Amino acid sequence: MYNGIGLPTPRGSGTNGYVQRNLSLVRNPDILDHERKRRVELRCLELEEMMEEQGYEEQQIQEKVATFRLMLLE
Amino acid sequence: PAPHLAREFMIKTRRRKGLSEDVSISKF
Amino acid sequence: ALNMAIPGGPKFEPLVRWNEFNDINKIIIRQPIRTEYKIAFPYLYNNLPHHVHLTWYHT
Amino acid sequence: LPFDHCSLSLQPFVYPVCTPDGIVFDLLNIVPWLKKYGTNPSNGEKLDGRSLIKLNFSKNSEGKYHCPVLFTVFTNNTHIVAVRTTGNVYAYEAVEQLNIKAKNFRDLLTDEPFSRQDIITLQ
Amino acid sequence: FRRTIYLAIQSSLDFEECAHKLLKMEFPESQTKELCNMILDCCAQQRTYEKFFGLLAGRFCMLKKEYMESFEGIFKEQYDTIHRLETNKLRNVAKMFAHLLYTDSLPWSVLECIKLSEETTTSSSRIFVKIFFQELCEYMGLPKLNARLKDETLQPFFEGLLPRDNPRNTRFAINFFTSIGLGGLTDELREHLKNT
Amino acid sequence: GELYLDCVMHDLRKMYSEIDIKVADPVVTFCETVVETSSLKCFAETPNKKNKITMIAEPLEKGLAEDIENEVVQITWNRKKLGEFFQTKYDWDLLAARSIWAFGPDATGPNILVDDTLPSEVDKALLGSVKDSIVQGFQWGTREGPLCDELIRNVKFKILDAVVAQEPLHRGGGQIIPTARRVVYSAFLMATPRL
Amino acid sequence: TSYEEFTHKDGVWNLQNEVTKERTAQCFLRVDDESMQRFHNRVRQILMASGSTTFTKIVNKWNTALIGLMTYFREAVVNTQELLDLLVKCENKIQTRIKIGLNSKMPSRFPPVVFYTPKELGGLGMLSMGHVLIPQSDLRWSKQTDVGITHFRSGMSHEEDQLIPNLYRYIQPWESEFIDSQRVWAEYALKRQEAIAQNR
């Protein structure tokens, strides 16, 4: 009746209904290997140097920085 | 309770639409 | 019309007298669907709603 | 992990469809990834518009992905041969013994006879 | 109070109805010891053991902690006064406490009150321990009983039951568990005795 | 909401259909995410066994998903403008800021595809040739979802390696997309996913 | 069995292996529907034969049928809720029949005291089963599994506390009787062997 509990009408049975609550209810090395190369490429990209306006000399300086970082990493 | 909630939602949703078993290396 | 009653309210005779929606492995229960939600939104929470009047909302 | 799953989408058999190149894949995989490609994605071979053969998402008299004539498990493990014109897939040895001795190219009780040259390898 | 408890027990068909009826009167916290006492007294007066009283005691243990503490205290008190009881009462009390132990309604630490020694324990105490451990070996398995007795956490709680010291008493315990009809549990004790 | 779906179901039962109809209990639709990065650098390969894609997945930051979903940043932006937007308030590297390829399960969806490939930058014209098929594989994989067929949100998918066959043509014409879907699912599953 | 065994009140026969002396299986018991129909037709036969029968003999017929059903079934009574509803209905119908024997049906006129008093004190000697709380759970999940007991409804009306004693608490369960029968007859066999051997 109320909720899913009870009898639809108490007239047929010999009771009054009165449904009540039950009180008794209980209740990874490859990641580091790529990270080293990513740090090398980040140090290569951190050179940039768009103030001296060098062309292939900037590329040679970047190659020198990359070989220096490879020698320091070795 | 709280630590079983994601497992319950996973199991009931996969039973609702798909397959019950889940493999972490089901592709590779 | 739904043969369900609030404990403060009155009781009446019934008016009219397998589902895979009632499968226990597909139903998530957090709060049980009580009588009050079946009265407030009667087309949502009741299969077979007949002779049902929509209640007034908030004033 | 078995060959019962789809080749491309790596998902189990729900609505599979076969192709004339000998590979059966998902219908959603054949529809979205080959909407305008016009080629078989299993090996790069050319696939016609009518070369694809439907195998599921319809009404069948078997009720499962089994042999339609022999009524046995003609799954990916068993040697399965599919009729290209009819669309029914049975076991290869059972269909060969039916169409060889008594020339039973039909079904077990539906009696849909056809030629013996329409059988192709499903997978 | 005892009369109302006994009438609520005899009125109820089911142990859920009995526990709901006993919670309906809303007894104060000073009366929980007498409530557990006359649960034991109402079951001990029965001719045979019924599972209704053991399940009622298990439900009361699972409901609140105060009933669990009262049941531990009355287990110690009833083990201290075993010889006052008669042997069918002893059988019924042993069946209750076996049912409270295999359903995990009580901690196993109260088994430290049992001291297996022929110098201290009376004959009725050995009868009680025999009935208790026979029902424990019956309703849950002997591998499960060995796994329960073999854990490192409850080793100080089983040292009076499993001595491993003064090997006359260890021999008495090994022969006691063998002569009950168990065996098995004393294989580690036989290994410890054979090495010394 | 409850009132909205109640009005929809009343209109279904009384106006457009006279059929008695069973209604199930209401549930919600979930999403799938990650918490920690991919502990194993997972990978897959094409059916023509020449291309090999290795990619790992890691979660995004706090404001990134709501910044994408409120269209603060778009794929129609300038690459330098997008890189500045990432770099000023998310402190990303400019190599990582120029590495962003595609967004989400749809346009302005809350997933980010980042390509960081050092041995595969020597054929980066071929990487840009297969980039679009990698994008539709990423869109399909984040739209479908391997866990419970739901959407995938707040994930950065970081490519580590791409062994592309030189002038693939026949194998690089549709086999890239389900390979990329399997790569996305395998990289997602190795990174302790959550509902 | 998932989880563990189902330690339930009295409907479970914990079957014991003879070799290992271990409880290996559970036997859930219910009363068959033919027995329900036979008992209901017995009460209907009593009510149709009530037209030429005094009140004491009507209560005696009810008591005979009730203890026949209960001492035959015992443990299986508690797990058939439809039998509890049938028992409450049948006890109320024979109390209504005794009321219809007079020209009144006033519930204040007929307390339980005029019915359940033994006939040594001039009462009817009626044996009670209907005054227990019927367990109630969700009817949505009643047909799916066993979901425990969430509520109780009243069986028969009585004055506040009362606590009319149930008949089932005075009948021993069958499993306890079989265990005690095995123990007692084995003890008697050993005593008979000792009395033969010692000539005592």
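The rules behind the values
Residues numbered from 1 in each chain as written, not as in the entry; some residues may be left out. Chains lettered and ligands numbered in written order. Part of a larger assembly, values for the part shown. Heavy atoms only, no water. Residues with missing side-chain atoms left out of burial classes, pairs and counts. Helix = DSSP H or I, 4+ residues; strand = E, 2+ residues; numbered from the N terminus. Rg over C-alpha atoms; globule rule 2.2 N^0.38 Å. Contact = heavy atoms within 4.5 Å. Nonpolar A, V, L, I, M, F, W, Y, C, P; charged D, E, K, R; others polar. Polar contact = N/O pair within 3.5 Å; in protein donor to acceptor, adjacent residues only side chain to side chain. Expected span 1.5 Å × (residues − 1). Pairing = 2+ DSSP bridges. Axes fitted to C-alpha atoms, helices over the stretch in contact; angles between N-to-C directions. Salt bridge = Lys/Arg side-chain N within 4 Å of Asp/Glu carboxyl O. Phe/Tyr/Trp six-rings, centres within 6.5 Å; stacked < 30°, edge-to-face > 60°. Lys NZ or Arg CZ within 6 Å of the ring centre and 35° of its normal. Parallel < 35°, antiparallel > 145°, perpendicular 65-115°, else oblique. Left-handed = near helix turned anticlockwise from the far one by under 90°.

Regarding how it was determined, this PDB entry cites cryo-EM in its header, along with a resolution of 3.1 Å.

This structure appears in the PDB under the title "Structural organization of a late activated human spliceosome (Baqr, core region)".

*Asks:* Give a detailed account of the overall build of chain C, specifying residues and quantitative values.
*Replies:* Within chain C, the regular secondary structure consists of one helix and zero strands. Its C-alpha radius of gyration of 14 Å places chain C more than 25% over the 10 Å reference for a compact globule of 59 residues. A principal-axis box enclosing the C-alpha atoms of chain C has dimensions of 35 × 35 × 20 Å.

*Asks:* Could you give an account of the overall build of chain D, naming the residues involved and the relevant values?
*Replies:* A tally of regular secondary structure across chain D gives two helices and six strands. Counting from the amino terminus, chain D carries its helices and strands in the arrangement β-β-α-β-β-β-α-β. A compact globule built from 123 residues should have a C-alpha radius of gyration of about 14 Å, and chain D, at 14 Å, falls within 12% of that. Referenced to the eigenvectors of the C-alpha coordinate spread, the extents of chain D come out at roughly 45 × 30 × 25 Å. Residue pairs in contact within chain D that sit at least 24 positions apart in sequence constitute 40% of those at least 6 positions apart.

*Asks:* I'd like a description of the interface of chain G and chain A, backed by residues and values.
*Replies:* Contacts between the two partners involve 16 residues from chain G and, on the opposite side, 16 residues from chain A. Residue composition of the side of chain G that touches chain A, by class: six nonpolar, seven polar and three charged.

*Asks:* Run through the side chain of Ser38 of chain F, naming residues and quoting values.
*Replies:* Residues and elements named next belong to chain F. Inspection of the secondary structure assignment puts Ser38 in the loop between β1 (31–32) and β2 (43–45). Here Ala57 takes part through its backbone oxygen, which lies 2.9 Å from a polar atom of the side chain of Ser38. Within the structure, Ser38 has its side chain in polar contact with the backbone oxygen of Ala187 (distance 3.2 Å). Excluding anything up to four places from it in sequence, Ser38 contacts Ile56, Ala57, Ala187, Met190 and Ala191.

*Asks:* I'd like to hear about helix α2 (residues 55–73) of chain G, residue by residue, with values.
*Replies:* Taking 1.5 Å as the rise per residue, α2 of chain G with 19 residues should run 27 Å; its terminal C-alpha atoms sit 27 Å apart, in good agreement. Of the residues flanking the end of α2 of chain G, it is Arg74 of chain G, one or two places downstream, whose phi is positive at about 60 degrees.

*Asks:* I'd like to hear about the pairing of strand β1 (residues 12–16) of chain G, residue by residue, with values.
*Replies:* Alignment of β1 of chain G against strand β2 (residues 23–28) of chain G, held across five bridges, turns out to be antiparallel. Residue pairing across strands places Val12 of chain G opposite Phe28 of chain G, the latter belonging to β2 of chain G.

*Asks:* Give a detailed account of the interface of chain E and chain G, specifying residues and quantitative values.
*Replies:* Each partner contributes residues to the interface: chain E has 32 residues there, and chain G has 33 residues. Of all elements in the fold, only α1 (2–11), α2 (15–24), α4 (51–63), α6 (87–102), α7 (123–139) and α8 (142–149) of chain E reach the threshold of two or more residues within the side of chain E that touches chain G. The dominant element in the side of chain E that touches chain G, judged by the number of residues it contributes, is α1 of chain E, at seven residues. Looking at the side of chain E that touches chain G, its residues break down into 14 nonpolar, nine polar and nine charged.

*Asks:* Any chance you could break down the sheet that holds strand β3 (residues 134–136) of chain G for me, citing the residues and the numbers?
*Replies:* Pairing within the open sheet is antiparallel, and its three strands lie in the order β1(A)-β4(G)-β3(G). The strands lining the two open edges of the sheet, one partner per strand, are β1 (19–21) of chain A together with β3 of chain G. This sheet shows a mean twist of 35 degrees between the axes of neighbouring strands, independent of strand direction. Both β3 of chain G and strand β4 (residues 151–153) of chain G contribute to a ladder of three bridges, which runs antiparallel. Looking across to β4 of chain G, one finds that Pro135 of chain G is bridged to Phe152 of chain G.

*Asks:* Which residues make up the pattern of salt bridges, and what values go with them?
*Replies:* All names here are of chain F. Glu58 is paired through a salt bridge with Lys156; the nearest N and O atoms lie 3.4 Å apart. One end of the pair, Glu58, is in strand β3 (residues 52–59); the other, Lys156, is in strand β7 (residues 155–163), and 98 residues separate them in sequence. Close ionic contact of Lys158 with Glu58 constitutes a salt bridge, the shortest N to O distance being 3.7 Å. With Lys158 in strand β7 and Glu58 in strand β3, the pair connects residues that are 100 residues apart, well separated along the chain.

*Asks:* Any chance you could break down the packing of aromatic side chains for me, citing the residues and the numbers?
*Replies:* Residues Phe9 of chain B and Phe30 of chain F carry aromatic rings whose centres are separated by 5.1 Å and whose planes lie at 25 degrees to one another, so their mutual orientation is stacked. Within this pair, whereas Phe9 of chain B is found in helix α1 (residues 5–16), its partner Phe30 of chain F is found in the loop between α1 (2–14) and β1, the two belonging to separate chains. Plain terms: the ring middles of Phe110 of chain G and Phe115 of chain G are 6.4 Å apart, the flat faces sit at 40 degrees to each other, and that makes the pair tilted. An aromatic cluster of at least three residues, connected via ring pairs, comprises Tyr79, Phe128, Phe132, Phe133, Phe172, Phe176 and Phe177 of chain E. Stacked on the ring of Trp77 of chain F, the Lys or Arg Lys81 of chain F has its end atom at 4.4 Å from the ring centre. The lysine or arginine in question, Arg169 of chain G, covers the ring of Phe52 of chain E, its NZ or CZ lying 4.1 Å from the ring centre.

*Asks:* Could you give me a rundown of the arrangement of the chains, with the residues and numbers involved?
*Replies:* The protein chains that touch form 12 pairs of chains, and the pair with the most contacts between them is chains E and G. The two units chain E and chain F never meet; even their closest C-alpha atoms stay 31 Å apart. As for chain G relative to chain D, no contact occurs, and the smallest C-alpha gap between them is 27 Å.

*Asks:* So what's going on with the packing of helix α3 (residues 32–44) of chain E against α6 of chain E? Residues and values would help.
*Replies:* Residue and element names in this part refer to chain E. As a packed pair, α3 and α6 sit with axes 9 Å apart at the nearest point and diverge in direction by 125 degrees. One way to sum up the angle between α3 and α6 is to call them oblique. Remark: the crossing between α3 and α6 carries right-handed chirality. Facing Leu40, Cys43 and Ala44 of α3, the residues of α6 in contact are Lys89, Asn92, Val93, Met96 and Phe97. Split into classes, the residues belonging to the contact of α3 with α6 amount to six nonpolar, one polar and one charged.

*Asks:* Tell me about the pairing of β7 of chain F, residues and numbers included.
*Replies:* It is a general feature of regular strands that their side chains alternate between the two faces of the sheet. Residues and elements named next belong to chain F. Bridge count for β3 against β7 is eight bridges, and the pairing is antiparallel. Paired with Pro59 across the two strands is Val155, which belongs to β7. Of the pairings in the sheet, the one linking strand β5 (residues 111–115) to β7 comprises five bridges and is parallel in character. Note that in β7 the partner of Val114 across the bridge is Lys158.

*Asks:* Tell me about the packing of helix α1 (residues 33–49) of chain G against helix α3 (residues 81–101) of chain G, and name the residues and values.
*Replies:* Residue and element names in this part refer to chain G. Axis separation between α1 and α3 bottoms out at 11 Å; the angle between their running directions is 5 degrees. Accordingly, the angle class assigned to the pair α1 and α3 is roughly parallel. Between α1, through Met36, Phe39, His40, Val43 and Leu47, and α3, the contact on the second element is made entirely by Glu82, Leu83, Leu86, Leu87, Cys90, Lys93, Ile94 and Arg97. Residue classes in the contact of α1 with α3 are distributed as nine nonpolar, one polar and three charged.

*Asks:* Go over the sheet that holds β2 of chain F with me, naming the residues and quoting the values.
*Replies:* Residue and element names in this part refer to chain F. In space, the five strands of this open sheet follow the order β2-β3-β7-β5-β4, with mixed pairing throughout. The two strands at the open ends of the sheet, each matched to only one other strand, are β2 and β4 (100–103). Across the sheet, the mean angle separating the axes of adjacent strands is 25 degrees when strand polarity is ignored. Those strands touched by helix α6 (residues 131–144) are β4, β5 and β7, and its axis lies near 40 degrees from that of β4.

*Asks:* I'd like a description of the environment of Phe176 of chain E, backed by residues and values.
*Replies:* All names here are of chain E. Mapped onto the secondary structure, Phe176 falls in helix α9 (residues 167–180). A C-alpha to C-alpha distance of 27 Å links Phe176 and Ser105, two positions 71 residues apart in sequence. Excluding its chain neighbours within four sequence positions, the residues that come into contact with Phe176 are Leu116, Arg126, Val129 and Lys130.

*Asks:* Please give an account of unusual backbone geometry that cites residues and values.
*Replies:* Backbone geometry places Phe71 of chain D, a non-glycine residue, at a positive phi of 55 degrees. Structurally, the position occupied by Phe71 of chain D is in the loop between β3 (53–54) and β4 (80–83). For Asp149 of chain F, which is not a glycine, the phi torsion comes out positive at approximately 55 degrees. For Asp149 of chain F, the location among the structural elements is in the loop between α6 and β6 (151–152).

*Asks:* An account of the environment of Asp25 of chain F is requested, with residue identities and associated values reported.
*Replies:* Checked against the element boundaries, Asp25 of chain F lands in the loop between α1 and β1. Sequence spacing of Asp25 of chain F and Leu195 of chain F is 170 residues, and the spatial spacing of their C-alpha atoms is 20 Å. Within polar-contact distance, the side chain of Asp25 of chain F engages the side chain of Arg140 of chain G at 3.2 Å.

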